[PDB]
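For reference, the structure is listed below as structure tokens.
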Amino acid sequence: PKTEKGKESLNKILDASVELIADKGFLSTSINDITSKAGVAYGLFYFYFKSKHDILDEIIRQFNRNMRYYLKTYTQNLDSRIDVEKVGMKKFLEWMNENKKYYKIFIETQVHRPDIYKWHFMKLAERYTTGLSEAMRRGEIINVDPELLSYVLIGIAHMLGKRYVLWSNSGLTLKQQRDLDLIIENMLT
Amino acid sequence: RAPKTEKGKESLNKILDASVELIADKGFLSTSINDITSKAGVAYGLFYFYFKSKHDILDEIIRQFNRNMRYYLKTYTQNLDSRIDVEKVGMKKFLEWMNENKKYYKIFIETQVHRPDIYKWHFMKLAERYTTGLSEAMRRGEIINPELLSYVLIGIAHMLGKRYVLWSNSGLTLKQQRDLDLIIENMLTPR
Amino acid sequence: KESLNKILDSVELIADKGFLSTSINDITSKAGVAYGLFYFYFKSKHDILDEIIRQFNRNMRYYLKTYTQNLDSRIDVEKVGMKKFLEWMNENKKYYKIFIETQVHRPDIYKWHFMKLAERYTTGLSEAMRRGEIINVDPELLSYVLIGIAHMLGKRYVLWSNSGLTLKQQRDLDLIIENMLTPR
Amino acid sequence: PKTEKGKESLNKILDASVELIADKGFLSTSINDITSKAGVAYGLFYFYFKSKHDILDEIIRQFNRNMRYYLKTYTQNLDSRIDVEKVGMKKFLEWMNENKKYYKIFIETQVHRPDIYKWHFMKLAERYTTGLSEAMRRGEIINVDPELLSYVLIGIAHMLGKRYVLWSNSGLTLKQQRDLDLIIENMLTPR
Amino acid sequence: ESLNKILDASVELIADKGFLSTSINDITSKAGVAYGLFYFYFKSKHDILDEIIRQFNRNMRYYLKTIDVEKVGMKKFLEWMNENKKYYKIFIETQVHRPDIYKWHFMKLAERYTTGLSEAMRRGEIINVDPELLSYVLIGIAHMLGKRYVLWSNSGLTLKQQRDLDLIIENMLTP
Amino acid sequence: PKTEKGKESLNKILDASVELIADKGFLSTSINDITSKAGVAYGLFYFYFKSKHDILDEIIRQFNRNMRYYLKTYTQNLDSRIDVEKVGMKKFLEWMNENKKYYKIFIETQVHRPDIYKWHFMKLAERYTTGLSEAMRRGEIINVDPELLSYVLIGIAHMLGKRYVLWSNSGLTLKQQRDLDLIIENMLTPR
DNA sequence: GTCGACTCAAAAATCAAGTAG
DNA sequence: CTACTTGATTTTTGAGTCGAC
DNA sequence: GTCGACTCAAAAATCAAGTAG
DNA sequence: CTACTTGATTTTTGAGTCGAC
């Protein structure tokens with residue numbers, strides 16, 4: 001990972017892996033299938049990665065960092081948490097629609113590496129707990145358990161991403177977009 | 001698919017029950033039609049007399065589980081003091097039901113992979129029978145503004161069962177139990 | 001070669017529940033082998049009997065002829081031969097139980113076993129008879145008499161009851177073989 | 001069996017079964033094959049019989065009775081056990097050719113109804129033992145385990161019945177009949 | 001079937017890409033067979049080339065068992081080369097990999113040419129020159145025209161250039 | 001290159017590369033092998049050259065220019081195209097007897113850089129085609145296709161260059177030298 | 001017989017860290 | 001009333017096949 | 001060579017719906 | 001400042017191996 005070319009090649013393999021696993025799955029994807037996509041040598045996969053299941057771990061970790069950083073970009077504004085959660089919900093549906101064909105990796109994760117599947121949620125919840133408890137003491141949001149509410153807010157985003165993002169190409173209507181914002185505002189008094 | 005004689009209904013159930021325990025224990029792949037029919041104590045071919053494909057057993061396993069969860073939740077909600085108290089124990093007893101049906105979640109994981117259409121159906125039928133319950137509750141003025149509200153409440157139950165019932169294997173504390181009802185109260189009463 | 005041997009070990013199943021009640025699923029499951037792998041090694045369910053009875057004929061004729069190979073009087077050959085048969089058949093209870101299944105499922109093999117066994121018997125019997133060792137009778141008829149006695153006591157005292165023959169009973173049988181074959 | 005018409009029709013089904021099972025085999029014969037030959041309704045078989053296997057149990061119980069009676073007929077005259085056995089053996093092989101059908105079915109039994117197969121030899125040996133043992137006390141035949149001798153004689157009859165009655169329509173030549181008469185004489189006559 | 005499935009994919013890939021630019025991974029995937037299945041049949045990657053070359057030498061000997069002769073036999077060689085495209089391309093690769101086979105092939109092609117050439121010189125059919133040289137002139141002409149008009153281009157020669165080639169053969173052989 | 005001191009080290013690499021690639025082949029030749037032969041630092045090779053494969057491109061560029069100029073010396077000052085080919089052929093073979101190592105690397109090119117290999121024959125044909133078309137109308141050489149006759153002349157040169165130069169080293173005898181000229185003369189005589 | 005993951009000795013390409021002119 | 005009779009409907013049965021890894 | 005879903009050609013059981021005695 | 005130099009260091013290569021069905 002030291003050299004600029006070194007970190008480039010690692011990203012050639014990783015971006016090749018996400019396309020194949022999202023199309024044919026983990027089982028069907030061979031190391032040859034990956035390196036041939038990346039246009040690199042066969043043994044180069046084993047230079048950057050320990051084994052085949054280790055690519056999924058690194059795929060999930062990037063499909064967490066790249067999401068959380070994207071959401072933190074649109075939530076650097078107003079000190080009020082209700083405003084943070086108002087944008088953080090709609091922009092999550094915007095990002096999931098961009099990475100629509102990339103949810104099939106999670107299905108393949110719950111099968112082959114289910115431990116790193118639990119990790120994505122627990123790490124997302126960890127940054128939704130410490131960041132939520134800040135606004136809690138500030139009396140902006142409800143004084144309850146911070147960890148408990150994190151899963152409630154994630155669970156809503158998860159289910160919406162299933163129905164309006166994955167199970168429908170149409171998405172959300174303007175009236176429903178407004179309706180959603182009040183639901184967030186209501187359970188934060 | 002073919003329910004005429006009570007013996008046919010008996011044999012279909014011998015198959016369906018064996019499938020439920022086997023898929024839960026070792027998954028859809030590791031379970032063979034021989035495993036299903038041997039445990040059921042019926043002819044190998046008999047599985048095909050009632051089920052077109054091996055995949056079609058997941059369809060009827062989900063249907064039976066969905067209907068039995070819908071009845072379990074319909075039982076504890078028909079008496080309650082308006083919609084605000086309906087979602088109060090509707091969520092509460094779902095987390096109790098999920099610990100009773102802890103072993104049989106392995107099936108629902110497989111569903112998302114092998115038969116994702118009946119996985120999609122599970123939520124869409126539950127949402128269709130939730131929307132009717134919310135449309136006439138807004139008509140009374142008990143709860144705030146339709147279909148979107150159904151999925152939101154589903155996702156709360158879905159994720160809490162995933163974490164506090166499945167992963168933690170302990171449950172919810174008395175403190176956290178009370179905290180839940182407040183989220184329900186604040187989300188339905190216009191504050 | 002282990003996979004074919006895993007399949008063949010079939011013997012346990014057919015001897016206990018019988019050829020009919022034994023399925024390919026039963027055989028392949030017990031063997032811890034794929035259903036289809038049975039058909040890679042065997043043409044049909046019936047072909048397994050042929051291969052089992054192939055081993056059964058080999059195991060027997062080799063063991064049974066080891067003790068009769070040197071004795072003086074043919075009466076002593078039969079007295080011992082009978083004892084060594086009932087002894088072998090207790091050691092190979094499974095293989096015989098499968099051989100019994102043949103009379104319905106592969107009758108041509110069953111009929112052949114007895115006929116080929118009669119040929120080995122008649123050969124030696126006709127010989128000693130002409131010498132004056134054995135009663136002068138039809139060598140083929142007497143051959144089936146001793147084959148019948150062996151098969152019946154094998155059924156009753158080995159298969160139908162795991163016990164066997166008592167030392168007292170063994171002497172009684174030895175007397176029966178002697179009395180019958182010794183010319184007056 | 002309450003009516004005389006009932007007993008009449010049962011025999012129609014029974015006789016066709018004997019004729020068919022003997023000819024084509026137990027597996028090859030269907031209930032339709034029996035009822036059509038019998039010239040009766042398909043379902044009528046089930047009015048008199050529990051299952052296809054249950055008809056074997058009745059065919060063998062008649063086979064045991066009819067053979068035991070025929071053999072009692074000729075063995076009653078002689079009051080010399082060696083002569084009783086000499087005749088009984090010939091008379092058995094005679095009855096065998098006369099009842100090839102019934103005996104051919106008895107062979108199938110060892111695989112389809114092994115319980116009644118074992119039963120026949122056991123019932124036959126029990127009646128044989130008490131007869132031989134009494135004749136041993138009279139000092140007519142050798143003093144050996146009577147049960148053992150019962151099976152020795154039974155096994156001879158059975159095997160000769162296979163080779164010289166089933167496997168070949170020929171039978172025993174006068175030389176072979178005389179030779180067999182000697183084998184039984186030499187074997188039972190004490191020295 | 002598996003061993004033959006390999007060779008078909010193996011020949012088609014080594015022809016287009018070349019021995020080095022073709023990996024066992026490329027071969028097995030084109031053949032629709034497991035990676036390890038290659039090593040079950042062939043003990044080495046060098047060994048599969050030996051067999052393709054051994055197969056090519058069989059096809060060459062079969063053709064070699066058959067003034068105007070050098071005119072038609074020239075066009076018949078290029079017609080054979082177009083039908084054996086993939087196999088000749090693998091033979092060109094031998095020059096670097098196993099140079100002994102490349103040298104021997106041309107040397108044996110010279111022997112058969114020379115003996116048949118020296119008989120026509122005596123008869124007065126063709127002009128008196130070195131028989132070893134004249135043969136290599138005809139060999140080189142074939143190898144070059146086949147390299148350009150058959151191997152480097154899928155097109156061909158055309159009846160316009162076909163007649164022009166016979167005019168080249170005639171002029172250099174008839175005085 | 002910039003300095004005459006720097007350009008001095010570029011030729012130290014090239015004149016060491018030629019000596020190794022022609023001897024033990026491109027594959028067996030390493031950068032550590034080249035740099036050590038040049039008596040320089042490892043990386044210095046990459047300072048003057050893009051990649052290992054690019055050294056082949058420069059060596060063949062020099063090989064192409066050196067031959068184009070050497071043959072020009074003896075053919076530039078001529079009138080008859082038939083005689084241009086006669087001199088051109090003999091001096092081509094004379095050049096390779098001196099430059100054996102340079103042609104050996106051109107053989108390695110077919111396998112490692114077939115792009116520059118196919119370019120050489122395609123550009124050598126372009127020099128011939130232009131020169132032939134001028135002599136076609138002048139009545140010097142025979143009336144055929146210019147591209148066809150270009151490769152024909154190339155093929156005779158290429159083949160002889162392997163057999164009498166690379167494989168034997170013995171070269172052509174004075175009888176063979178004269179016999180060859182007769183072939184080229186006969187070929188291009190418009191009869 | 002079939003499979004596809006993982007090893008390993010080579011030798012490329014690339015640096016940080018210097019010195020010449 | 002019970003005792004037989006009917007055939008079409010229904011359920012049952014493994015062995016053998018098939019394309020896949 | 002190894003794997004397991006799936007077809008298939010019969011059958012055995014049923015049972016409503018009757019007729020005989 | 002630029003042009004050149006140095007060699008350990010980091011990356012790449014794809015054949016051959018490895019168990020396991």
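Identifiers in the structure tokens: chain A, B, ... in order shown; residue index from 1 per chain; ligand index from 1 in order shown.
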
List the neighbours of stretch 11-20 of chain I out to 9 Å using only C-alpha atoms (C1' of nucleotides); skip same-chain residues closer than 2 positions along the sequence, and give me the result as a PDB file with N, CA and C atoms (P, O5', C5', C4', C3', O3' and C1' of nucleotides), in the first residue's frame.
```pdb
ATOM      1  N   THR B   5     -58.143 -35.533   0.281  1.00  0.00           N
ATOM      2  CA  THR B   5     -58.352 -36.398   1.456  1.00  0.00           C
ATOM      3  C   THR B   5     -57.589 -35.813   2.649  1.00  0.00           C
TER       4      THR B   5
ATOM      5  N   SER D  30     -50.786 -57.096 -10.238  1.00  0.00           N
ATOM      6  CA  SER D  30     -51.454 -55.927  -9.662  1.00  0.00           C
ATOM      7  C   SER D  30     -52.805 -56.342  -9.084  1.00  0.00           C
ATOM      8  N   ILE D  31     -53.468 -55.443  -8.315  1.00  0.00           N
ATOM      9  CA  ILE D  31     -54.800 -55.749  -7.787  1.00  0.00           C
ATOM     10  C   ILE D  31     -55.775 -55.811  -8.970  1.00  0.00           C
ATOM     11  N   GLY D  43     -62.071 -52.508  -6.453  1.00  0.00           N
ATOM     12  CA  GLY D  43     -62.213 -52.268  -5.023  1.00  0.00           C
ATOM     13  C   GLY D  43     -62.755 -53.410  -4.191  1.00  0.00           C
ATOM     14  N   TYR D  46     -60.354 -55.200  -1.806  1.00  0.00           N
ATOM     15  CA  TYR D  46     -60.165 -54.503  -0.550  1.00  0.00           C
ATOM     16  C   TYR D  46     -61.267 -54.726   0.457  1.00  0.00           C
ATOM     17  N   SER D  51     -54.554 -55.623   2.404  1.00  0.00           N
ATOM     18  CA  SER D  51     -53.580 -55.157   1.419  1.00  0.00           C
ATOM     19  C   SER D  51     -53.147 -56.322   0.521  1.00  0.00           C
ATOM     20  N   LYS D  52     -52.360 -56.029  -0.544  1.00  0.00           N
ATOM     21  CA  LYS D  52     -51.855 -57.041  -1.481  1.00  0.00           C
ATOM     22  C   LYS D  52     -51.055 -58.130  -0.769  1.00  0.00           C
TER      23      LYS D  52
ATOM     24  P    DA H   3     -73.542 -57.518   8.608  1.00  0.00           P
ATOM     25  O5'  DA H   3     -73.381 -57.905   7.066  1.00  0.00           O
ATOM     26  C5'  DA H   3     -74.099 -59.009   6.526  1.00  0.00           C
ATOM     27  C4'  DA H   3     -74.033 -58.991   5.015  1.00  0.00           C
ATOM     28  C3'  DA H   3     -72.624 -58.960   4.439  1.00  0.00           C
ATOM     29  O3'  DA H   3     -72.188 -60.325   4.159  1.00  0.00           O
ATOM     30  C1'  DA H   3     -74.153 -57.487   3.251  1.00  0.00           C
ATOM     31  P    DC H   4     -70.841 -60.636   3.337  1.00  0.00           P
ATOM     32  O5'  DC H   4     -71.349 -60.474   1.819  1.00  0.00           O
ATOM     33  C5'  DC H   4     -70.483 -60.010   0.824  1.00  0.00           C
ATOM     34  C4'  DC H   4     -71.249 -59.401  -0.324  1.00  0.00           C
ATOM     35  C3'  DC H   4     -70.374 -59.049  -1.518  1.00  0.00           C
ATOM     36  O3'  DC H   4     -70.862 -59.653  -2.686  1.00  0.00           O
ATOM     37  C1'  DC H   4     -71.727 -57.202  -0.922  1.00  0.00           C
ATOM     38  P    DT H   5     -69.928 -59.743  -3.980  1.00  0.00           P
ATOM     39  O5'  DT H   5     -70.054 -58.280  -4.608  1.00  0.00           O
ATOM     40  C5'  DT H   5     -71.141 -57.955  -5.437  1.00  0.00           C
ATOM     41  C4'  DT H   5     -70.980 -56.563  -6.000  1.00  0.00           C
ATOM     42  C3'  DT H   5     -69.725 -56.324  -6.832  1.00  0.00           C
ATOM     43  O3'  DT H   5     -70.087 -56.288  -8.191  1.00  0.00           O
ATOM     44  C1'  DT H   5     -70.335 -54.461  -5.470  1.00  0.00           C
ATOM     45  P    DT H   6     -68.994 -56.477  -9.347  1.00  0.00           P
ATOM     46  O5'  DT H   6     -68.659 -54.956  -9.743  1.00  0.00           O
ATOM     47  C5'  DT H   6     -69.713 -54.073 -10.098  1.00  0.00           C
ATOM     48  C4'  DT H   6     -69.346 -52.617  -9.874  1.00  0.00           C
ATOM     49  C3'  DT H   6     -68.035 -52.147 -10.476  1.00  0.00           C
ATOM     50  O3'  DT H   6     -68.244 -51.750 -11.814  1.00  0.00           O
ATOM     51  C1'  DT H   6     -68.641 -51.036  -8.417  1.00  0.00           C
ATOM     52  P    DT H   9     -62.828 -39.686 -12.681  1.00  0.00           P
ATOM     53  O5'  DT H   9     -62.229 -39.478 -11.216  1.00  0.00           O
ATOM     54  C5'  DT H   9     -63.105 -39.303 -10.095  1.00  0.00           C
ATOM     55  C4'  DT H   9     -62.333 -39.401  -8.789  1.00  0.00           C
ATOM     56  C3'  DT H   9     -61.122 -38.461  -8.675  1.00  0.00           C
ATOM     57  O3'  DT H   9     -61.167 -37.744  -7.441  1.00  0.00           O
ATOM     58  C1'  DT H   9     -60.497 -40.668  -8.146  1.00  0.00           C
ATOM     59  P    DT H  10     -60.266 -36.429  -7.228  1.00  0.00           P
ATOM     60  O5'  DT H  10     -59.013 -36.990  -6.397  1.00  0.00           O
ATOM     61  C5'  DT H  10     -59.154 -37.356  -5.009  1.00  0.00           C
ATOM     62  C4'  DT H  10     -57.935 -38.125  -4.518  1.00  0.00           C
ATOM     63  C3'  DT H  10     -56.582 -37.540  -4.921  1.00  0.00           C
ATOM     64  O3'  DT H  10     -56.116 -36.459  -4.020  1.00  0.00           O
ATOM     65  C1'  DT H  10     -56.610 -39.945  -5.075  1.00  0.00           C
ATOM     66  P    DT H  11     -55.702 -36.682  -2.459  1.00  0.00           P
ATOM     67  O5'  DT H  11     -54.660 -37.894  -2.470  1.00  0.00           O
ATOM     68  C5'  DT H  11     -54.687 -38.847  -1.415  1.00  0.00           C
ATOM     69  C4'  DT H  11     -53.649 -39.928  -1.625  1.00  0.00           C
ATOM     70  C3'  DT H  11     -52.208 -39.517  -1.332  1.00  0.00           C
ATOM     71  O3'  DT H  11     -51.759 -40.259  -0.187  1.00  0.00           O
ATOM     72  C1'  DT H  11     -52.389 -40.866  -3.298  1.00  0.00           C
ATOM     73  P    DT H  12     -50.307 -40.047   0.464  1.00  0.00           P
ATOM     74  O5'  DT H  12     -49.457 -41.199  -0.250  1.00  0.00           O
ATOM     75  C5'  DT H  12     -49.985 -42.523  -0.306  1.00  0.00           C
ATOM     76  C4'  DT H  12     -49.081 -43.451  -1.088  1.00  0.00           C
ATOM     77  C3'  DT H  12     -47.580 -43.266  -0.859  1.00  0.00           C
ATOM     78  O3'  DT H  12     -47.035 -44.458  -0.314  1.00  0.00           O
ATOM     79  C1'  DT H  12     -48.098 -43.491  -3.175  1.00  0.00           C
ATOM     80  P    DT H  13     -45.604 -44.457   0.395  1.00  0.00           P
ATOM     81  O5'  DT H  13     -44.638 -44.867  -0.810  1.00  0.00           O
ATOM     82  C5'  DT H  13     -44.674 -46.195  -1.317  1.00  0.00           C
ATOM     83  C4'  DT H  13     -43.812 -46.356  -2.553  1.00  0.00           C
ATOM     84  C3'  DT H  13     -42.611 -45.434  -2.687  1.00  0.00           C
ATOM     85  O3'  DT H  13     -41.487 -45.731  -1.756  1.00  0.00           O
ATOM     86  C1'  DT H  13     -43.664 -45.734  -4.782  1.00  0.00           C
TER      87       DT H  13
END
```

Exercise. Residues at most 12 Å from residue C:91, counting only C-alpha atoms (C1' of nucleotides), excluding those fewer than 2 positions away in the same chain, as number ranges by chain?
Worked result: C: 56, 59-60, 63, 84-89, 93-97, 154, 158-159, 162, 164

Exercise. Within 10 Å of stretch 104-113 of chain A, counting only C-alpha atoms (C1' of nucleotides), which residues qualify if same-chain residues fewer than 5 places away don't, as a VMD selection string?
Worked result: (chain A and resid 18 to 27 53 to 54 56 to 57 59 to 60 63 118 120) or (chain B and resid 109 to 110 112 to 113)

Exercise. Using only C-alpha atoms (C1' of nucleotides), which residues sit within 10 Å of residue C:122 once same-chain residues fewer than 3 positions away are excluded, as an NGL selection string?
Worked result: :C and (117-119 or 125-127 or 138-144)

Residues from the last selection, N, CA, C and O atoms, saved as a short mmCIF file (atom, residue, chain, number, x, y, z; two decimals), in the first residue's frame:
```
data_model
loop_
_atom_site.label_atom_id
_atom_site.label_comp_id
_atom_site.auth_asym_id
_atom_site.auth_seq_id
_atom_site.Cartn_x
_atom_site.Cartn_y
_atom_site.Cartn_z
N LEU C 117 -22.66 -75.85 -7.47
CA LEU C 117 -22.29 -76.46 -6.20
C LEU C 117 -22.50 -77.97 -6.27
O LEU C 117 -21.67 -78.72 -5.76
N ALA C 118 -23.58 -78.41 -6.95
CA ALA C 118 -23.91 -79.82 -7.17
C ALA C 118 -22.85 -80.51 -8.04
O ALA C 118 -22.55 -81.68 -7.81
N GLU C 119 -22.29 -79.77 -9.02
CA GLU C 119 -21.26 -80.26 -9.92
C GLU C 119 -19.98 -80.62 -9.18
O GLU C 119 -19.41 -81.68 -9.46
N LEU C 125 -18.35 -87.44 -5.03
CA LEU C 125 -19.29 -88.46 -4.54
C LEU C 125 -19.30 -89.70 -5.43
O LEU C 125 -19.14 -90.80 -4.91
N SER C 126 -19.42 -89.50 -6.77
CA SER C 126 -19.42 -90.57 -7.77
C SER C 126 -18.14 -91.39 -7.68
O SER C 126 -18.20 -92.62 -7.80
N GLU C 127 -17.00 -90.71 -7.46
CA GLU C 127 -15.66 -91.27 -7.32
C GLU C 127 -15.59 -92.28 -6.13
O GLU C 127 -15.46 -93.48 -6.37
N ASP C 138 -27.59 -92.44 -6.76
CA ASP C 138 -27.43 -91.48 -7.84
C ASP C 138 -26.55 -90.36 -7.27
O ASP C 138 -26.93 -89.77 -6.25
N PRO C 139 -25.35 -90.11 -7.84
CA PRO C 139 -24.46 -89.07 -7.27
C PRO C 139 -25.05 -87.67 -7.26
O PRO C 139 -24.72 -86.90 -6.36
N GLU C 140 -25.93 -87.34 -8.23
CA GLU C 140 -26.59 -86.03 -8.29
C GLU C 140 -27.70 -85.93 -7.23
O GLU C 140 -27.82 -84.87 -6.61
N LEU C 141 -28.49 -87.01 -7.03
CA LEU C 141 -29.57 -87.06 -6.04
C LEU C 141 -29.01 -86.89 -4.61
O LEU C 141 -29.52 -86.07 -3.85
N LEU C 142 -27.95 -87.66 -4.27
CA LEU C 142 -27.29 -87.60 -2.96
C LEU C 142 -26.67 -86.23 -2.76
O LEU C 142 -26.76 -85.69 -1.65
N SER C 143 -26.08 -85.66 -3.82
CA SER C 143 -25.48 -84.33 -3.83
C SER C 143 -26.50 -83.27 -3.39
O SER C 143 -26.15 -82.42 -2.56
N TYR C 144 -27.75 -83.36 -3.88
CA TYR C 144 -28.81 -82.42 -3.49
C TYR C 144 -29.31 -82.69 -2.08
O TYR C 144 -29.71 -81.74 -1.40
#
```

For this session: With a distance cut-off of 12 Å and only C-alpha atoms (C1' of nucleotides), select the neighbouring residues of residue D:79, excluding the residue or stretch itself and same-chain residues fewer than 6 positions from it, and output the selection as a list in words.
Result: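 That gives residues 85, 87, 131, 135, 138 and 140 of chain D.
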
For this session: Pick out the residues sitting within 12 Å of residue G:1, and hand them over as a list in words; count only C-alpha atoms (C1' of nucleotides), and ignore anything fewer than 3 positions along from it in its own chain.
Result: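 The residues that qualify are residues 40 of chain C; 1, 2, 3, 33, 34, 36, 37, 38, 40 and 41 of chain E; 21 of chain H; 1 and 2 of chain I; 21 of chain J.
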
With N, CA and C atoms (P, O5', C5', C4', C3', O3' and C1' of nucleotides) retained, could you export that selection as a CSV table (one decimal), in the first residue's frame?
```csv
chain,number,residue,atom,x,y,z
C,40,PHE,N,-22.7,-44.1,-11.5
C,40,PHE,CA,-21.4,-44.0,-12.1
C,40,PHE,C,-20.7,-45.4,-12.0
E,1,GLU,N,-12.8,-36.5,-23.4
E,1,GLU,CA,-13.4,-35.2,-23.8
E,1,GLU,C,-12.7,-34.0,-23.2
E,2,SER,N,-12.3,-34.1,-21.9
E,2,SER,CA,-11.6,-33.0,-21.2
E,2,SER,C,-10.2,-32.7,-21.8
E,3,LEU,N,-9.4,-33.8,-22.1
E,3,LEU,CA,-8.1,-33.7,-22.7
E,3,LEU,C,-8.2,-33.0,-24.1
E,33,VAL,N,-13.0,-25.9,-18.3
E,33,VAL,CA,-12.5,-26.9,-17.5
E,33,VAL,C,-11.7,-26.4,-16.3
E,34,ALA,N,-11.5,-27.2,-15.2
E,34,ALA,CA,-10.8,-26.8,-14.0
E,34,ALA,C,-9.4,-26.5,-14.2
E,36,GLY,N,-6.7,-27.2,-12.3
E,36,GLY,CA,-5.9,-28.4,-12.0
E,36,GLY,C,-6.1,-29.6,-12.9
E,37,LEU,N,-7.1,-29.6,-13.8
E,37,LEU,CA,-7.4,-30.6,-14.8
E,37,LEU,C,-6.3,-30.6,-15.8
E,38,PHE,N,-5.7,-29.4,-16.1
E,38,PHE,CA,-4.6,-29.3,-17.1
E,38,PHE,C,-3.4,-30.1,-16.6
E,40,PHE,N,-3.4,-32.6,-14.6
E,40,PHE,CA,-3.7,-34.0,-14.5
E,40,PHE,C,-3.3,-34.7,-15.8
E,41,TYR,N,-3.5,-34.0,-16.9
E,41,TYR,CA,-3.1,-34.5,-18.3
E,41,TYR,C,-1.7,-34.2,-18.7
H,21,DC,P,-22.4,-25.0,-12.4
H,21,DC,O5',-21.1,-25.8,-11.9
H,21,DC,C5',-20.6,-25.5,-10.6
H,21,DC,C4',-19.9,-26.7,-10.0
H,21,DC,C3',-18.3,-26.7,-10.1
H,21,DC,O3',-17.8,-25.9,-9.1
H,21,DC,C1',-19.3,-28.9,-10.4
I,1,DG,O5',-12.9,-42.8,-10.5
I,1,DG,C5',-13.1,-41.6,-11.3
I,1,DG,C4',-13.5,-40.5,-10.4
I,1,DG,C3',-14.7,-40.7,-9.5
I,1,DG,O3',-14.4,-40.3,-8.1
I,1,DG,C1',-15.0,-38.7,-10.8
I,2,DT,P,-15.4,-40.8,-6.9
I,2,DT,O5',-16.4,-39.5,-6.7
I,2,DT,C5',-15.9,-38.3,-6.2
I,2,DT,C4',-16.9,-37.2,-6.4
I,2,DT,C3',-18.3,-37.5,-5.7
I,2,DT,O3',-18.4,-36.6,-4.5
I,2,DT,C1',-18.6,-36.5,-7.8
J,21,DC,P,-14.3,-32.3,1.6
J,21,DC,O5',-15.7,-32.4,0.7
J,21,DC,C5',-16.0,-33.5,-0.2
J,21,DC,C4',-16.0,-33.0,-1.6
J,21,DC,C3',-17.0,-33.7,-2.5
J,21,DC,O3',-17.7,-32.8,-3.3
J,21,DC,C1',-14.8,-33.9,-3.4
```

Exercise. Hey, what's within 9 Å of stretch 64-70 of chain F if we count only C-alpha atoms (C1' of nucleotides) and toss same-chain stuff fewer than 4 positions away? As an NGL selection string, please?
Worked result: :F and (59-60 or 74 or 91-92 or 95 or 120 or 124)

For this session: Could you tell me, as a count of residues only, which residues of stretch 16-90 of chain C DSSP assigns to alpha helix (DSSP H) when given the backbone?
Result: 58

Exercise. What separation in Å, quoted to one decimal, exists between atom CA of residue D:156 and atom CA of residue D:89?
Worked result: 8.8 Å

Closest atom pairs, chain A residues within 12 Å of chain G, only C-alpha atoms (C1' of nucleotides), as a Markdown table:
```
| residue | atom | partner | partner_atom | distance |
| --- | --- | --- | --- | --- |
| A:2 | CA | G:15 | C1' | 10.3 |
| A:3 | CA | G:15 | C1' | 8.2 |
| A:4 | CA | G:14 | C1' | 10.2 |
| A:5 | CA | G:14 | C1' | 9.2 |
| A:6 | CA | G:14 | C1' | 10.2 |
| A:27 | CA | G:4 | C1' | 10.0 |
| A:28 | CA | G:4 | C1' | 10.0 |
| A:29 | CA | G:4 | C1' | 9.9 |
| A:30 | CA | G:4 | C1' | 7.1 |
| A:31 | CA | G:5 | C1' | 7.8 |
| A:32 | CA | G:4 | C1' | 9.4 |
| A:33 | CA | G:4 | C1' | 11.2 |
| A:42 | CA | G:6 | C1' | 10.6 |
| A:43 | CA | G:6 | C1' | 8.9 |
| A:44 | CA | G:6 | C1' | 11.8 |
| A:45 | CA | G:6 | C1' | 10.4 |
| A:46 | CA | G:6 | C1' | 8.1 |
| A:47 | CA | G:7 | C1' | 11.4 |
| A:49 | CA | G:6 | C1' | 11.3 |
| A:50 | CA | G:6 | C1' | 9.5 |
| A:51 | CA | G:6 | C1' | 7.9 |
| A:52 | CA | G:5 | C1' | 7.8 |
| A:53 | CA | G:5 | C1' | 10.8 |
```

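From atom CA of residue A:121 back to atom CA of residue A:148, the distance works out to 12.8 Å.
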
Seminar exercise, completed: Counting only C-alpha atoms (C1' of nucleotides), closest pick from C:8, C:146, C:34, C:104 relative to chain I is C:34

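Ranking E:19, E:152, E:42, E:80 by their shortest atom-to-atom distance to residue E:59, with only C-alpha atoms included, puts E:80 first.
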
Could I get the residues of chain C with an atom no further than 12 Å from an atom of chain J, each paired with its nearest atom pair and that distance in Å to one decimal, using only C-alpha atoms (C1' of nucleotides), sorted by chain and residue number, as a tab-separated table?
```
residue	atom	partner	partner_atom	distance
C:3	CA	J:21	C1'	10.7
C:32	CA	J:21	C1'	11.5
C:33	CA	J:21	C1'	9.8
C:34	CA	J:21	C1'	10.2
C:37	CA	J:21	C1'	11.7
```
